[PDB]
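Enquirer: My questions will all concern the structure given below.
No Cβ is skipped: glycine too gets one built from the backbone with ideal geometry, and neighbour counts run over all protein chains shown. What follows draws every value from the coordinates through simple rules; no lab data is involved.
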């Protein structure tokens, strides 16, 4: 388990403008679907929010 594949942001409940299936409805609802889609593009498969230091996103092979 390491800090994502390239880079990530805060947990909250959805905020980005267009990136995956939630572009037309806006706000992803939970950071677990945005954390897995950015790290799985380089070489990963399991992403989640539970660290509380200064980012709240973790990905594992």
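Enquirer: Identify the residues of segment 22-47 with backbone N under 13 Å of a label point that sits 7 angstrom from the Cα of residue 60 along the Cα-to-Cβ direction, or state none.
Expert: Zone members listed by number: 45-47.
Enquirer: Can I ask one more? Let me have the 222 nm mean residue ellipticity of the chain computed from DSSP H runs of 4+ only, each contributing -39500 (n - 2.57), with the sum over all residues rounded to the nearest 500.
Expert: -5000 deg cm²/dmol
Enquirer: Give me the compactness ratio for the chain, meaning the Cα radius of gyration over 2.2 N^0.38 Å.
Expert: 1.07
Enquirer: Taking only C-alpha pairs under 8 Å that are 6+ residues apart, what is the relative contact order of the chain in percent?
Expert: 41
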